[PDB]
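Novice: One structure, pasted below without further comment.
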Amino acid sequence: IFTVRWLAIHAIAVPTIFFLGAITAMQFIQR
Amino acid sequence: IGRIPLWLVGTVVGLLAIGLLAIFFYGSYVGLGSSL
Amino acid sequence: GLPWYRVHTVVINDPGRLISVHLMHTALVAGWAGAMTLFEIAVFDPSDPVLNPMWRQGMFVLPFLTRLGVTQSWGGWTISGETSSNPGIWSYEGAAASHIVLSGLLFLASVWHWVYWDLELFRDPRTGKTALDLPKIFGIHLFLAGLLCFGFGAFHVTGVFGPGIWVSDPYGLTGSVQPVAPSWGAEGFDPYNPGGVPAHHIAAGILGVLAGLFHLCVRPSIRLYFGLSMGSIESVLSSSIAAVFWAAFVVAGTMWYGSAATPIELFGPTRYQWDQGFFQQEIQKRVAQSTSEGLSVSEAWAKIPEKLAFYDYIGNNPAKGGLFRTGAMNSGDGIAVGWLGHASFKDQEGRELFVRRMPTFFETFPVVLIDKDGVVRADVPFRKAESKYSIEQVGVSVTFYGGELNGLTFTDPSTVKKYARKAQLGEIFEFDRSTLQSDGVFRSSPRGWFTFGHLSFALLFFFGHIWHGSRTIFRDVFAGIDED
Amino acid sequence: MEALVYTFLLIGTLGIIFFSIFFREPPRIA
Amino acid sequence: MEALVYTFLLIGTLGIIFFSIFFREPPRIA
Amino acid sequence: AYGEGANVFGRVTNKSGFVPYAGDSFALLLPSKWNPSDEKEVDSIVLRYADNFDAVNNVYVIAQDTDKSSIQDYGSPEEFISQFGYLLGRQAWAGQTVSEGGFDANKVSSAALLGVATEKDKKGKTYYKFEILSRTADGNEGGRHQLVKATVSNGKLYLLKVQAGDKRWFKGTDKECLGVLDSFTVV
Amino acid sequence: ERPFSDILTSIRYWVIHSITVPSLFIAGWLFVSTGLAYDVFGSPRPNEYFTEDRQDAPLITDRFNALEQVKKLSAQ
Amino acid sequence: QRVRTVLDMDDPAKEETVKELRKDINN
Amino acid sequence: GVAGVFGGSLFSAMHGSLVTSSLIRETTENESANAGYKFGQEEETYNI
Amino acid sequence: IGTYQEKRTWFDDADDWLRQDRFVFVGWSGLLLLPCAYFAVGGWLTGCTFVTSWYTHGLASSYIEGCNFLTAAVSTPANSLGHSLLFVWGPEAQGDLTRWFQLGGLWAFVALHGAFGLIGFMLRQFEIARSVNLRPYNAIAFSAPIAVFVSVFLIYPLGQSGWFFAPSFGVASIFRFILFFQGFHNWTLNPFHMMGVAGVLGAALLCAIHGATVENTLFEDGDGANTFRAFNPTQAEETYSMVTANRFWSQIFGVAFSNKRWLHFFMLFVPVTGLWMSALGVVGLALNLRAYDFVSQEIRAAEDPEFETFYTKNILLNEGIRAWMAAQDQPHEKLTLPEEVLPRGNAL
Amino acid sequence: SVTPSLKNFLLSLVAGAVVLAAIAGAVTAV
Amino acid sequence: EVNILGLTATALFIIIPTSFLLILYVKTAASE
Amino acid sequence: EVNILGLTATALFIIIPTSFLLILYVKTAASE
Ligand code: CLA
Ligand code: CLA
Ligand code: CLA
Ligand code: CLA
Ligand SMILES: C=Cc1c(C)c2cc3nc(c4c5[nH]c(cc6nc(cc1[nH]2)C(C)=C6CC)c(C)c5C(=O)[C@@H]4C(=O)OC)[C@@H](CCC(=O)OC/C=C(\C)CCC[C@H](C)CCC[C@H](C)CCCC(C)C)[C@@H]3C
Ligand SMILES: CC(C)=CCC/C(C)=C/CC/C(C)=C/CC/C(C)=C/CC/C(C)=C/CC/C(C)=C/CC/C(C)=C/CC/C(C)=C/CC/C(C)=C/CC1=CC(=O)C(C)=C(C)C1=O
Ligand SMILES: CCCCCCCCCCCCCCCC(=O)OC[C@H](COP(=O)(O)OC[C@@H](O)CO)OC(=O)CCCCCCCCCCCCCCC
Ligand SMILES: CC1=C(/C=C/C(C)=C/C=C/C(C)=C/C=C/C=C(C)/C=C/C=C(C)/C=C/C2=C(C)CCCC2(C)C)C(C)(C)CCC1
Ligand SMILES: CC1=C(/C=C/C(C)=C\C=C/C(C)=C/C=C/C=C(C)/C=C/C=C(C)/C=C/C2=C(C)CCCC2(C)C)C(C)(C)CCC1
Ligand SMILES: [Fe+2]
Ligand code: NA
């Protein structure tokens, strides 16, 4: 595919999933 | 097309989102930002 | 019929009555300029140019008259403190009367264009209908604007024929209308360089003349003509309004941050000059230079000019007034009549304390006196029942080293607290609050009023440009598409 | 202002008499 | 006066809304 | 900066709520929540820490050069705190008032003694300990608790002074104030 | 036309999304857990907030030498 | 003259001075 | 509640814009474009 | 165009590609709006997650430090930086990204890209309205959020000492900005802000009333108990009874709408006018030209120890906000004020 | 002379031209 | 006493637009 | 320092009857 819909959907989806994994990792960080 | 039910997919995504929100709320009581 | 918010649309397809209403507006603006100048001349007090300057009196158009050359009036006085030479016809009142006569002439021309609107000049020879060759009109107007810009930059401000512009001291001590040599280097783009104004106007006038000749000789393309609707007056209205609030934002920015075209002696000091300690740092540098080489205290401070100490005063801050604190700055906290001196505070055992100056954000500020190192040593406390910082137990004394108070040391009473509270506002000055029945709250500078009015007008004209661009791109749907 | 008001009133009267002289209604019936 | 101007403005606004309620133009087309 | 991994499954390094401080021949556990402040009321103060929440909850020590060899030579502890009735802050108001309520005539502040001790730690030199309830006529924080631990080791008087408003003292800052009080050891 | 209802039902979507989504989640987890977030975005670690010299809130107090100064008062 | 003293002279009254905000790396 | 008033202003502006924009010609640059027909017809204007 | 040959160039092909119906419309405005808006939202989400505020404000405002969604924010640069544009290549960062994040450059990045994204979005509204041949009243309405954004995030900090006094992009940051305007500017007392509050409250009222009225005059249009399926977009009749609605509101409120034109133009007009008045008020506050005081009231209370009003109470509250907030609010000012000079009431 | 800030600004102009060219290439593609 | 500037400003801001609107309404209602 | 009470009196005595007469003349000339 790799159309405009694919590019927009993935430009929203990929960094959100990366950041959600990052935040879930930061949930278990303790001082 | 129609191999896995759409309601089942949405239900699984709903449990994943609810679990992620539960982890986010649990992390407010432990670790950083837990005021302790 | 027409709605009340559409009554001016009758002159859209009437070039003659469009010229008539432009002439009417031009007459109103010129008449306002003359009447405003005469009002400010009537209410102006030129007795004290140093301690009661025009920006302390709420003068609005007098700094703009002064900036381009007129300094003396028909009353025999000059704002620089000099007594007037021959003013000629171009004094303050002479310029006002010229504006009034121009307003009357423009009123008569407006009446003539209202009555005689069906001029063949506004008619297209090819089709017979009424039309305006807007690209050619723009070329003519750009040629005239470039000629005016080049003349103003090469003859008026350079002084080869005109008087020049206002050039002052970096700290605003000595300033006068002088010819200015243009600066063609990168320094010409220095906003505070006065030489960048003649160079800008010469180069921009040459370029405007060239572009006007280009538009006079070259027609636009069909694609660009149809894209921008160059045959419509509403499109040029939107573009002109766009350029106008661009220029309004630019003049508001240069007004607020100061420039070579914004003299301190004409528009007052700057809030950034107060925050950044410009006059305070210069005063302290002068005192340190005099004390390190020869002259001792109480005589070095006497070397400090009265105008510089007045500049180092938060009451002259343009970012200190209020929206509805109307009128002159003198009507706020009195007319300044003298500099009491530099309030210097010492401890009981002996070390120089300093009152923390008020920032612009604070309507009121606590009165604290802190050490050279940066540690709080005394204050005027609110609770007055604790610690070792109240004035009466620290035992600070104020000495003063200036005009009315040169060796008067106060140590015991609450006059020390009063002088500390006055010292948090900068240099302590004596004010007369009975001549104008002064308020007590600080007023705003003409610089602040100009900046506020122009920023508000700039956003309103952003909306006006957006609305007009909407109307000129969407003319077919604003009028009707006829079921298609 | 003091003299400006007087000048305004005088030139307003002069403009009124100028308009009365030149832009009057045309004299009908004798 | 100070309070008189405020009272006059308030009762003027109240009179305007009273006239708008009762002596309005009768509604036409829906 | 140097690259090191985040703390996962690595537990917590501080839970006692007390961080040690070593100074010029004195040591004390400061509250971990509190932060330092450069506000020398009395010039003899060498260290000062205050609460980030409310700076009335503050602690400071003074290093005053002195003549008397040991703290017992300052007389009775009552005689000692009579000498130190100056670091409480004298009233800046001198007007007449009999309307304060529960105060002496013409006074807007009072101090009540609630403790007098001669505690010892490790060497044999005694520590004068005091608790004072300072009630001001406005009633701010419901009063202030002044805990004073004073001694002299070589030739300098070392006096701990932790302050706590009675509002915070009733909430539970008593534990941290008493922790600082018992941890002030002059080595 | 793939109206977003048929693709989510199909297994072709979930065959290639049973690796990409968990791999992105693990990548974010390792990005945090390896300290790379601290190294890239300059946020200090919980043990790197107060240096021995200054025990209060840092202040930039300079503009044209801000880079050099922040390198000076950062966590080395 | 004394740029160190005048910088400290304007240190207590006003912390936003240009003379302070420039060359603050060396302090 | 803050989101509600902000979104209420947002949705009021959106609804006003969409209904005031979606028209067929019945009011000209004058008071009304009744030249097609005057008052007294059920032939509706507007668009959604 | 206009019955001409018009030999095709690259512009015709580019216009044909950009002006096509897709999942998302691009257009020429998408050359600006899509990258600028994507970068603004991504920078805000990145700053709220990883970029700290310890250097510039001396506080923690990110998820890596222990802040919530309502707590983490993209913080403004330091006041000593002034109104520096804070480019990565600029003299402050000097091409160093990890210190550019520490210097507060992400705030300038997000602010400039958000401003250009708003420009591109209202250009997109213009382009779509031109494509579907509709009047750009949506763009005219969106001119007011752009005005609010410009006056708040640009004009006010440009009038103040620097970007430090601008709103930091967040939730608790915006609450700090709001309380700062209460304590330092008396923003509730400003008539322009009062007009803005009236506009927003009236717009929410208009939305609720219009929705309820339409939903309660819905006609029959069917037999089922769910009226939502009774609607047909094909039919040329109105879905609700304007006559019934007008009579109901005429006998309830006294006045009612008789024109859908005027009703929806009023719904457009009220929030836009309110937001524009509030933008003008914030512009007035940019130069500290605030409606802080009432001179007659303050002189009356100065010469009278008995005269008190709620306005005097508000003035006293603003003094406490300023005094107890400045020390931890403005670290550049270095306000080490002792507790006794700070004002207090009794016992609290 | 050529100040480092000026050199960085000229490099920024080159980078902005590169970004605009990349956007133009992306929209001429697809 | 009496703020005659505020009185003049308020009176003019009331009189001029109200009279303008009333004149427009009268001339509109006179010629239907 | 400006006799603004006299200014207001003169300005109102000029504006009000001139506007009244101009309105009468305009409404007379509009409908012959
Ligand atoms: C943008 C143009 C501009 C600017 C920057 C200024 C700036 C200034 N003028 Mg000026 N003036 C202007 C245009 C301008 N004027 C015009 C067009 C006129 C002709 C009418 C005048 C006539 C004039 C006079 C007679 C005087 C001044 C004076 C002054 C100075 C005192 C501050 C002040 O204005 O009071 C405060 C300003 C305001 C309170 C602005 C009002 C804020 C908004 C717009 C009000 C909203 C209107 C509201 C809807 C109406 C309802 C109110 C109603 C109940 C009464 C100041 C530097 C005074 C002076 O110092 O003498 C030299 C002086 O007496 N001006
Ligand atoms: C014979 C013509 C003439 C002359 C000699 C003057 C002279 C003067 N006027 Mg003036 N004026 C005139 C006509 C004239 N006026 C007319 C016809 C009007 C009615 C519109 C006015 C309305 C007016 C007002 C309201 C004011 C003056 C003021 C002044 C005085 C100061 C001017 C100043 O410093 O402002 C600066 C002038 C400018 C900043 C103009 C800049 C032009 C912009 C930047 C053009 C940019 C767009 C351009 C098209 C771009 C071209 C492209 C380029 C490449 C060429 C000065 C004595 C001021 C005063 O003090 O009152 C007495 C004042 O406030 N005048
Ligand atoms: C030099 C700038 C400029 C010019 C030439 C025009 C010209 C025009 N505008 Mg426009 N507009 C502008 C700026 C401008 N506008 C700005 C800045 C805004 C934002 C506030 C608007 C918003 C606007 C709207 C919403 C509309 C127009 C409309 C119109 C058209 C005729 C309607 C009319 O004026 O009837 C007469 C107007 C009045 C009788 C207004 C009453 C007087 C007001 C309330 C107070 C005036 C203040 C004071 C006396 C003057 C000082 C202001 C000055 C210092 C700026 C006309 C061609 C209308 C249109 O599109 O045509 C169909 C229309 O509906 N304009
Ligand atoms: C294409 C959309 C777009 C737009 C509109 C912007 C807009 C902006 N960006 Mg941004 N950016 C973008 C994409 C975009 N960016 C992308 C894709 C990236 C990732 C690489 C970035 C990364 C980025 C960073 C890191 C920063 C910005 C910044 C900025 C702001 C200031 C930029 C500046 O001052 O330089 C101005 C740029 C120009 C004037 C363009 C130069 C045009 C040249 C002169 C054309 C000449 C070429 C010529 C035709 C060659 C032929 C001639 C030859 C044959 C002789 C600004 C509002 C800065 C910022 O946010 O401020 C805090 C900043 O720090 N951007
Ligand atoms: C807090 C209040 C508020 C928010 C969040 C908001 C939000 C929005 N309004 C839109 C539209 C509108 N709003 C309108 C009127 C109004 N909107 C109002 C109040 C709001 N409107 C009010 C009061 C009015 C009445 C005048 C209209 C008329 C429209 C539209 O037509 C438009 C729409 O189509 O709605 C769907 C949407 C599309 C904007 C967009 O994508 O821009 C593109 C640009 C972007 C995304 C970049 C800008 C980034 C911002 C400005 C700076 C960075 C901020 C971070 C990304 C996030 C920070 C968040 C923290 C502060 C918490 C967007 C969801
Ligand atoms: C002694 C005394 C009197 C004491 C009082 C003292 C005192 C407190 C004074 C009050 C001061 C006062 C007046 C304050 C207000 C000042 C203020 C803030 C002014 C703002 C001014 C202003 C220009 C603001 C700009 C923003 C703006 C334009 C706001 C306007 C707000 C506004 C009018 C909102 C609409 C309100 C309203 C009730 C809507 C009507 C809704 C309605 C009846 C719909 C009917 C209806 C609905 C349908 O859906 C359909 C289908 C049909 C058919 C239909 O009909
Ligand atoms: C016991 C009943 C309780 C209700 C009584 C109180 C209701 C007051 C009536 C509302 C005000 C009338 C509006 C006049 C304006 C007016 O009558 O316009 C008339 C207008 C009707 O418009 P049309 O539908 O006729 O529009 C088409 C026209 O262009 C052609 O005729 O009414 C409306 O706009 C809808 C209602 C808006 C009402 C807005 C409320 C405004 C609040 C006023 C607050 C005053 C200040 C506070 C007092 C100090
Ligand atoms: C005819 C004639 C003549 C002349 C006459 C005259 C004298 C004229 C004039 C005139 C004038 C003398 C004018 C003036 C004016 C004024 C104006 C024009 C104004 C205004 C206004 C405005 C614009 C405002 C605005 C506003 C408001 C509304 C309020 C306040 C604020 C503001 C600013 C916003 C003679 C005989 C010589 C000769 C020739 C013929
Ligand atoms: C920084 C920066 C940049 C940019 C970037 C970008 C543009 C990106 C991104 C990004 C992104 C974009 C990210 C994200 C994030 C997100 C998130 C983190 C999310 C979330 C969370 C949550 C919690 C959610 C919840 C929910 C909701 C609310 C909705 C629905 C449901 C759910 C549940 C899902 C660059 C490099 C260029 C450079 C410069 C700077
Ligand atoms: Fe509707
Ligand atoms: Na109290």
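By order of appearance in the structure tokens: chains A, B, ..., then residues from 1 within every chain, and ligands from 1 in the order shown.
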Hey, which residues sit close to ligand 5? Say within 6 Å, counting only C-alpha atoms and all ligand atoms, and write them as an mmCIF file with N, CA and C atoms, in the first residue's frame.

Specialist:
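See out-v1.cif below for the written result:
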```
data_model
loop_
_atom_site.group_PDB
_atom_site.id
_atom_site.type_symbol
_atom_site.label_atom_id
_atom_site.label_comp_id
_atom_site.auth_asym_id
_atom_site.auth_seq_id
_atom_site.Cartn_x
_atom_site.Cartn_y
_atom_site.Cartn_z
ATOM 1 N N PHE I 6 -15.589 25.023 26.757
ATOM 2 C CA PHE I 6 -14.718 25.244 25.607
ATOM 3 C C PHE I 6 -15.223 24.489 24.384
ATOM 4 N N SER I 9 -18.464 26.203 23.082
ATOM 5 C CA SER I 9 -18.136 27.311 22.191
ATOM 6 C C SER I 9 -17.604 26.803 20.857
ATOM 7 N N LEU I 10 -16.775 25.754 20.894
ATOM 8 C CA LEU I 10 -16.242 25.156 19.673
ATOM 9 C C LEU I 10 -17.364 24.632 18.785
ATOM 10 N N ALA I 13 -19.596 27.382 17.356
ATOM 11 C CA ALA I 13 -18.952 28.010 16.208
ATOM 12 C C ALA I 13 -18.982 27.100 14.987
ATOM 13 N N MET I 14 -18.728 25.800 15.179
ATOM 14 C CA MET I 14 -18.770 24.852 14.066
ATOM 15 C C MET I 14 -20.168 24.731 13.475
ATOM 16 N N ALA J 37 1.970 20.867 12.254
ATOM 17 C CA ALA J 37 1.103 20.326 13.293
ATOM 18 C C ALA J 37 1.637 19.010 13.838
ATOM 19 N N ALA J 40 4.468 19.904 16.094
ATOM 20 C CA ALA J 40 4.015 20.537 17.329
ATOM 21 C C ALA J 40 3.473 19.508 18.316
ATOM 22 N N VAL J 41 2.584 18.622 17.854
ATOM 23 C CA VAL J 41 2.024 17.612 18.751
ATOM 24 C C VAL J 41 3.091 16.611 19.184
ATOM 25 N N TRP J 44 5.317 18.333 21.784
ATOM 26 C CA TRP J 44 4.646 18.420 23.077
ATOM 27 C C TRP J 44 4.613 17.067 23.778
ATOM 28 N N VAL J 110 7.810 24.076 19.656
ATOM 29 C CA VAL J 110 6.391 23.738 19.682
ATOM 30 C C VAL J 110 5.536 24.971 19.417
ATOM 31 N N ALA J 111 5.919 26.124 19.970
ATOM 32 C CA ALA J 111 5.125 27.339 19.797
ATOM 33 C C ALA J 111 5.142 27.822 18.351
ATOM 34 N N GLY J 114 3.328 25.287 16.177
ATOM 35 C CA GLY J 114 1.897 25.366 16.403
ATOM 36 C C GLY J 114 1.270 26.587 15.762
ATOM 37 N N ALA J 115 1.973 27.723 15.794
ATOM 38 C CA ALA J 115 1.478 28.919 15.119
ATOM 39 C C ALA J 115 1.384 28.697 13.615
ATOM 40 N N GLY J 117 1.161 25.802 12.190
ATOM 41 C CA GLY J 117 0.128 24.803 11.990
ATOM 42 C C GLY J 117 -1.266 25.395 12.019
ATOM 43 N N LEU J 118 -1.498 26.379 12.892
ATOM 44 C CA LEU J 118 -2.778 27.082 12.898
ATOM 45 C C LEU J 118 -2.978 27.862 11.603
ATOM 46 N N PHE J 121 -3.772 25.299 9.008
ATOM 47 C CA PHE J 121 -5.097 24.722 9.194
ATOM 48 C C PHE J 121 -6.187 25.662 8.711
ATOM 49 N N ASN J 138 -16.292 28.865 8.533
ATOM 50 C CA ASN J 138 -15.473 28.077 9.447
ATOM 51 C C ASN J 138 -14.114 28.726 9.663
ATOM 52 N N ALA J 141 -14.640 31.795 11.804
ATOM 53 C CA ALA J 141 -14.790 31.401 13.200
ATOM 54 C C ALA J 141 -13.461 30.967 13.808
ATOM 55 N N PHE J 142 -12.630 30.264 13.036
ATOM 56 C CA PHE J 142 -11.324 29.818 13.506
ATOM 57 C C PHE J 142 -10.318 30.954 13.624
ATOM 58 N N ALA J 144 -10.629 33.352 15.582
ATOM 59 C CA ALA J 144 -10.601 33.705 17.000
ATOM 60 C C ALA J 144 -9.699 32.787 17.833
ATOM 61 N N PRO J 145 -9.690 31.450 17.640
ATOM 62 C CA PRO J 145 -8.643 30.655 18.308
ATOM 63 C C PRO J 145 -7.232 31.047 17.909
ATOM 64 N N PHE J 169 3.490 24.666 27.801
ATOM 65 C CA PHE J 169 2.511 23.778 27.176
ATOM 66 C C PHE J 169 2.225 22.611 28.112
ATOM 67 N N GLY J 170 1.111 22.690 28.834
ATOM 68 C CA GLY J 170 0.732 21.642 29.760
ATOM 69 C C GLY J 170 -0.609 21.889 30.418
ATOM 70 N N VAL J 171 -0.816 21.316 31.599
ATOM 71 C CA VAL J 171 -2.057 21.472 32.352
ATOM 72 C C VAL J 171 -1.824 22.275 33.630
ATOM 73 N N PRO J 271 -19.136 33.206 20.386
ATOM 74 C CA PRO J 271 -17.805 32.806 20.872
ATOM 75 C C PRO J 271 -16.659 33.502 20.162
ATOM 76 N N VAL J 272 -16.803 33.811 18.872
ATOM 77 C CA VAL J 272 -15.741 34.502 18.147
ATOM 78 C C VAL J 272 -15.540 35.906 18.702
ATOM 79 N N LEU J 275 -13.895 35.595 22.229
ATOM 80 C CA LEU J 275 -12.474 35.277 22.164
ATOM 81 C C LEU J 275 -11.656 36.435 21.608
#
```

Novice: Considering only C-alpha atoms, tabulate each residue of chain B that lies at most 12 Å from chain F along with its nearest interatomic pair and the corresponding distance in Å to one decimal; arrange the rows by chain and ascending residue number and present them as a Markdown table.

Specialist:
```
| residue | atom | partner | partner_atom | distance |
| --- | --- | --- | --- | --- |
| B:30 | CA | F:12 | CA | 10.6 |
| B:31 | CA | F:12 | CA | 8.4 |
| B:32 | CA | F:12 | CA | 10.3 |
| B:35 | CA | F:33 | CA | 10.6 |
| B:36 | CA | F:15 | CA | 7.8 |
```

Novice: Can you tell me which residues come within 6 Å of ligand 1 when counting only C-alpha atoms and all ligand atoms, ideally as a PDB file with C-alpha atoms, in the first residue's frame?

Specialist:
```
ATOM      1  CA  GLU C  40      -1.106  69.328  23.088  1.00  0.00           C
ATOM      2  CA  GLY C  58       1.093  62.774  28.107  1.00  0.00           C
ATOM      3  CA  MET C  59       2.200  64.311  24.816  1.00  0.00           C
ATOM      4  CA  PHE C  60       1.358  62.029  21.890  1.00  0.00           C
ATOM      5  CA  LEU C 323      -5.620  50.433  31.304  1.00  0.00           C
ATOM      6  CA  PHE C 324      -8.009  52.971  32.856  1.00  0.00           C
ATOM      7  CA  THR C 326      -6.018  57.863  32.077  1.00  0.00           C
ATOM      8  CA  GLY C 327      -4.092  61.038  31.418  1.00  0.00           C
ATOM      9  CA  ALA C 328      -0.565  62.347  31.768  1.00  0.00           C
ATOM     10  CA  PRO C 446       3.019  57.495  25.395  1.00  0.00           C
ATOM     11  CA  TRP C 449      -0.167  53.750  24.888  1.00  0.00           C
ATOM     12  CA  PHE C 450       1.104  53.726  21.285  1.00  0.00           C
ATOM     13  CA  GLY C 453      -3.300  50.863  20.540  1.00  0.00           C
TER      14      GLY C 453
ATOM     15  CA  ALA L   9     -18.049  60.292  28.120  1.00  0.00           C
ATOM     16  CA  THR L  10     -20.913  58.128  29.409  1.00  0.00           C
ATOM     17  CA  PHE L  13     -21.562  57.095  24.432  1.00  0.00           C
TER      18      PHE L  13
END
```

Novice: With a distance cut-off of 10 Å and only C-alpha atoms, select the neighbouring residues of segment 11-23 of chain B, excluding the residue or stretch itself and same-chain residues fewer than 6 positions from it, and output the selection as a list in words.

Specialist: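 In the requested format, the answer is residues 20, 21, 23, 24, 27 and 28 of chain A; 5 of chain B.
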
Novice: Just to be explicit: take each residue in the selection above, keep N, CA, C and O atoms, and write the result as a PDB file, in the first residue's frame.

Specialist:
```pdb
ATOM      1  N   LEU A  20       4.180   4.644  24.531  1.00  0.00           N
ATOM      2  CA  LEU A  20       3.426   3.884  25.521  1.00  0.00           C
ATOM      3  C   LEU A  20       4.285   2.799  26.156  1.00  0.00           C
ATOM      4  O   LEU A  20       4.200   2.565  27.368  1.00  0.00           O
ATOM      5  N   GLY A  21       5.111   2.122  25.354  1.00  0.00           N
ATOM      6  CA  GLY A  21       6.059   1.178  25.924  1.00  0.00           C
ATOM      7  C   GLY A  21       7.067   1.860  26.826  1.00  0.00           C
ATOM      8  O   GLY A  21       7.415   1.344  27.893  1.00  0.00           O
ATOM      9  N   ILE A  23       6.502   4.617  28.553  1.00  0.00           N
ATOM     10  CA  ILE A  23       5.822   5.034  29.775  1.00  0.00           C
ATOM     11  C   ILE A  23       5.566   3.835  30.683  1.00  0.00           C
ATOM     12  O   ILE A  23       5.725   3.921  31.908  1.00  0.00           O
ATOM     13  N   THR A  24       5.192   2.691  30.098  1.00  0.00           N
ATOM     14  CA  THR A  24       5.017   1.471  30.882  1.00  0.00           C
ATOM     15  C   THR A  24       6.333   1.049  31.528  1.00  0.00           C
ATOM     16  O   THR A  24       6.346   0.544  32.657  1.00  0.00           O
ATOM     17  N   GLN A  27       6.925   3.283  34.516  1.00  0.00           N
ATOM     18  CA  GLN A  27       6.064   3.009  35.662  1.00  0.00           C
ATOM     19  C   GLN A  27       6.789   2.222  36.748  1.00  0.00           C
ATOM     20  O   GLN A  27       6.433   2.324  37.927  1.00  0.00           O
ATOM     21  N   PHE A  28       7.796   1.432  36.380  1.00  0.00           N
ATOM     22  CA  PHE A  28       8.527   0.609  37.334  1.00  0.00           C
ATOM     23  C   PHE A  28       9.882   1.194  37.712  1.00  0.00           C
ATOM     24  O   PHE A  28      10.687   0.506  38.347  1.00  0.00           O
TER      25      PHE A  28
ATOM     26  N   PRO B   5     -13.358 -12.157  14.559  1.00  0.00           N
ATOM     27  CA  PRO B   5     -14.472 -11.215  14.743  1.00  0.00           C
ATOM     28  C   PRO B   5     -14.006  -9.822  15.149  1.00  0.00           C
ATOM     29  O   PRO B   5     -13.095  -9.659  15.965  1.00  0.00           O
TER      30      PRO B   5
END
```

Novice: How close is chain M to chain L in C-alpha RMSD after a least-squares fit, all Cα atoms in order?

Specialist: 0.1 Å

Novice: Atom CA of residue 164 of chain J and atom CA of residue 330 of chain J are how many Å apart?

Specialist: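 Atom CA of residue 330 of chain J lies at a distance of 8.9 Å from atom CA of residue 164 of chain J.
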